[PDB]
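Residue numbers (the UniProt record's numbering), protein chains in the order written: chain A, 1 to 23, 110 to 242, 254 to 318, 335 to 352; chain B, 1 to 214; chain C, 1 to 20, 27 to 214; chain D, 108 to 214.
Idealized CB from N, CA, C, for every residue including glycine.
All remarks here apply to the structure that follows.
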Amino acid sequence: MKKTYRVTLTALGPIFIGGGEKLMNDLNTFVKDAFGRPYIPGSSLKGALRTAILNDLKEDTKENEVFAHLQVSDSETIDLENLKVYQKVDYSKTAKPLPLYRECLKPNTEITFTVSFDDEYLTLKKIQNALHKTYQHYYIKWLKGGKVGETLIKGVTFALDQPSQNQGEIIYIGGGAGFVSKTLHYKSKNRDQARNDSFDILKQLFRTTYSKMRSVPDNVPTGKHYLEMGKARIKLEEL
Amino acid sequence: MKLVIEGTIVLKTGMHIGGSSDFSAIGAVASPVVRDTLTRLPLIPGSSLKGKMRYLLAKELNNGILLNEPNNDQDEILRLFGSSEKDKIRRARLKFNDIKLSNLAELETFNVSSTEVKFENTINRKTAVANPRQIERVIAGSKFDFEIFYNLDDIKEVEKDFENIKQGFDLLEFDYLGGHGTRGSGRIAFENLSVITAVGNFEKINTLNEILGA
Amino acid sequence: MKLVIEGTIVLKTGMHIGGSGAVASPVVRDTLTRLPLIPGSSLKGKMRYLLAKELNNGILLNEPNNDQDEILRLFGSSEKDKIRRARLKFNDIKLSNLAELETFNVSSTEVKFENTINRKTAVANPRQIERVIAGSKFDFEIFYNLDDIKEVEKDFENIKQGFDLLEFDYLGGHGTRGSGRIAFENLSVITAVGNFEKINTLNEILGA
Amino acid sequence: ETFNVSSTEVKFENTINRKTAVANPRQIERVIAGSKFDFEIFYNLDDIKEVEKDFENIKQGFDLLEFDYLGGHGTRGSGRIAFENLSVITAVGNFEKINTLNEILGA
């Protein structure tokens, strides 16, 4: 069928998709086009749908048969007045601005995408249930322990957004929203899998153990919002 | 005599096509774009345009999938893009040309390079370390004129031939043109599809110019 | 009396003539100086094909010995009785502008990489095509010997017809797929020994 | 041999038949262009009152070969020759008017 969609992202948090050209001043730069006008490349959305569908064992290989057909294009190109400076804060305990800043996209930015995919193995029947599955396990596998354990009253304007819509089609794109948003294997147990990836992570660095690892929300610059970043809403309409 | 198909293909997304791993200097670019060799400026090959064009018509006529070799395609494609049978070879009518960039000056007014490089990062397994890499595309909005030559060998088939040329271009705006297009590259759009002939004004130009101006 | 018709063949796109190291599909070249070469057989054959197809009712299906009198007298024949000597005399054409090409710090020929993506496999099986680059020029001269005063006008009209027929087609190799597009320029005629009376009319029906 | 290439080479050549449009390749062995062939022709002179016209005609014949081909598939490209170092010398016993022959042969 080649069912094309016009999906649109609205930003619940500050977002910074890599860039490569990146340097208390710490002046940063972002991915732009050749006209100096920012946009979001389609590989970010393809990685987000890789988190969505391929949440399984390590078969994410050149032998793959699903994601050669998922034809994600780029977006429309938005001017640079949709951009404010923001800060990095780690909400584990005693939340303080860490010295690692970024010039990033302003929240609630309307960006739209010409996303299409073939129907040989790919439908929205898969996308809907896979996104609800990944969202529900993003709470019940990692963030439920962050809700019940080592929780401070500063974070609870914050939207828990679980009674809102169970078919909300929510993804996570990689924008420095912790090293939990760049995962692939959460199936299907709670704490044995947690300690599994805990030694898998802690043989790559030197931290003393504590639960839970690293949750990175953000806020607004007195009005406060405690806006978690990395997540966005998607609509699915044809053409 | 012959009638040509002048036109202009533009890019609405940064397009990647071609490649080489050269001995002299790779530099800090992995998998570069195919470029013209004397004029040193980028180029859509006519081979690439023919291949993607034929694949899209193969998706159009026998719909969906084909799983078929391109010497035994549909008979109109065998007349248009050419075929080599065992001894009874059925020739081509459609000649493509190496499309090179024409609008250098209007990109030089804004101090914009002809090509585009992007830092395409890659996040691996839950160790979660970036694996940076650089690919070379050409910037969207750049224009590319083409002059496809069309030998008239059937007077009563050029209607359907130009209608499926327009059907193929219409199937090509909804697709990439080569390269790493599946993750946000390659999207094209056609404009200024004007038809002129070599000499005379025979095999009426008005109906073909209207069905390519649609 | 004999005339020489001299011009230039400039390559608008890439070109690739010929075939048959450790690489796939080389071009036919000069054997001493290794210059890329248009064989005069190829230029004569393509010109004969296009001119015989245009000096006909549309299409061309018969053998080259069975052409019209203009084509057969312009390009020669081999019959048991109706054997004719050709008036045109084509030559192998070597690459003229190595100075111009070497100024731009590019080789005279370059390697073109392109796949064949099989539809049920979606895998590349790549191949290398050598092509002499675009912007290359080829200075030619064809010897025309004059036998009929009343037919040189029609012969030169057909020669200009063959030239601008070749301007809208390719010259050898994978032509429909990008390669081969040429264009003719600096077209002139000169006399070999002893001036022809009507040379200005030939320079103006061939210089247009 | 200095340019490290053979004395004769092979050229591959088509003939595509307009019915079937298939090519039948044909190997034609040729001599490489730029090869040089040092000739000598013996002219026996038996009348002084005809030798100037005879050498005029000889130079005209060489000039007519300058704009035609020597042997083989010449209309299809091959065969084109040119005459260089055209000179006349006497076998034994010097010809008195040899300068006009060597200047209308070397023109």
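Among the options, which residue has its Cα nearest to the Cα of residue i?
| i | options | result |
| --- | --- | --- |
| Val138(B) | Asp22(B), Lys59(B), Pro32(B), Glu157(B) | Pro32(B) |
| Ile135(C) | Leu11(C), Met15(C), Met1(C) | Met15(C) |
| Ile89(C) | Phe96(C), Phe81(C), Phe144(C) | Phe81(C) |
| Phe199(A) | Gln157(A), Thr209(A), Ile213(A) | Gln157(A) |
| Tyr207(A) | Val152(A), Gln222(A), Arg6(A), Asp146(A) | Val152(A) |
| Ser202(A) | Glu173(B), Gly168(B), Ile148(B), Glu147(B) | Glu173(B) |
| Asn293(A) | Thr147(A), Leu186(A), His282(A) | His282(A) |
| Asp204(A) | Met1(A), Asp119(A), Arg123(A) | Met1(A) |
| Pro260(A) | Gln222(A), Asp297(A), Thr163(A), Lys233(A) | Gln222(A) |
| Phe146(C) | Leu193(C), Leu107(C), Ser114(C) | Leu193(C) |
| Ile213(A) | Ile347(A), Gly18(A), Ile239(A) | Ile347(A) |
| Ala189(D) | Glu108(D), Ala130(D), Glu203(D), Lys143(D) | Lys143(D) |
| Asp289(A) | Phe276(A), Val171(A), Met110(A), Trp228(A) | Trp228(A) |
| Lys118(B) | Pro14(A), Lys211(A), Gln262(A), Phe116(A) | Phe116(A) |
| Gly168(B) | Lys52(B), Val199(B), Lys156(B), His180(B) | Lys52(B) |
Reducing DSSP to helix, strand and coil, say where residue i ends up.
| i | result |
| --- | --- |
| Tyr224(A) | helix |
| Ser142(B) | coil |
| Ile298(A) | helix |
| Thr8(B) | strand |
| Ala189(C) | strand |
| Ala154(A) | coil |
| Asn97(C) | strand |
| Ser114(D) | coil |
| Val199(C) | coil |
| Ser285(A) | coil |
| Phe121(A) | coil |
| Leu238(A) | coil |
| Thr109(C) | helix |
| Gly184(D) | strand |
| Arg136(A) | helix |
| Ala216(A) | helix |
| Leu191(A) | strand |
| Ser102(C) | coil |
| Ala214(D) | coil |
| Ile164(A) | coil |
| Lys174(A) | coil |
| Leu208(C) | helix |
| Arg311(A) | coil |
| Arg292(A) | helix |
| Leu210(A) | helix |
Just to confirm, are residue i and residue j a CB contact at a threshold of 9 Å?
| i | j | result |
| --- | --- | --- |
| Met310(A) | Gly272(A) | no |
| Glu159(C) | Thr207(C) | yes |
| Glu191(C) | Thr8(C) | yes |
| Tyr150(B) | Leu3(B) | yes |
| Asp98(C) | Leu43(C) | yes |
| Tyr269(A) | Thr137(A) | yes |
| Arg187(C) | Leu49(C) | no |
| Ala345(A) | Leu9(A) | yes |
| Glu76(C) | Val195(C) | no |
| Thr122(B) | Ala140(C) | no |
| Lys233(A) | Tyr225(A) | yes |
| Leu61(B) | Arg125(C) | no |
| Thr37(C) | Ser113(D) | yes |
| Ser159(A) | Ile197(A) | no |
Which residues in the same chain as residue i place their Cβ atom closer than 8 Å to its Cβ, once the five residues preceding and following it in sequence are excluded?
| i | result |
| --- | --- |
| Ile211(D) | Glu159, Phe162, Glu163, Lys166 |
| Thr182(B) | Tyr176 |
| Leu186(A) | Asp112, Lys174 |
Give me, in chain order, the residues of the same chain whose beta-carbon lies closer than 7 Å to that of residue i; leave out the 5 immediate sequence neighbours on both sides.
| i | result |
| --- | --- |
| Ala128(B) | none |
| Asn71(B) | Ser83, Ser84 |
| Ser178(A) | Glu236, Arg311, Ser312 |
| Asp176(A) | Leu184, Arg311, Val313 |
| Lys337(A) | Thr254 |
Can you find the residues in the same chain that come closer than 6 Å, C-beta to C-beta, to residue i, ignoring five residues on each side of it along the sequence?
| i | result |
| --- | --- |
| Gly46(B) | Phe96, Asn97, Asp98 |
| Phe16(A) | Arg188, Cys190, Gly272, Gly273 |
| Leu217(A) | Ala138, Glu266 |
Please determine whether the Cβ atom of residue i lies at a distance below 8 Å from any heavy atom of the ligand NAD.
| i | result |
| --- | --- |
| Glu236(A) | Looking for the ligand NAD in the displayed structure turns up nothing, as the structure carries no ligands at all. |
Handout entry: Secondary structure, beta strand (DSSP E): runs of 3+ residues fully inside the stretch 117-181 of chain C
Key = 133-138, 143-151
Practice task
Please go through the stretch 40-89 of chain B and give each complete alpha helix (DSSP H) segment of 4 or more residues, from N-terminal end onward.
Solution key: 46-60, 75-80
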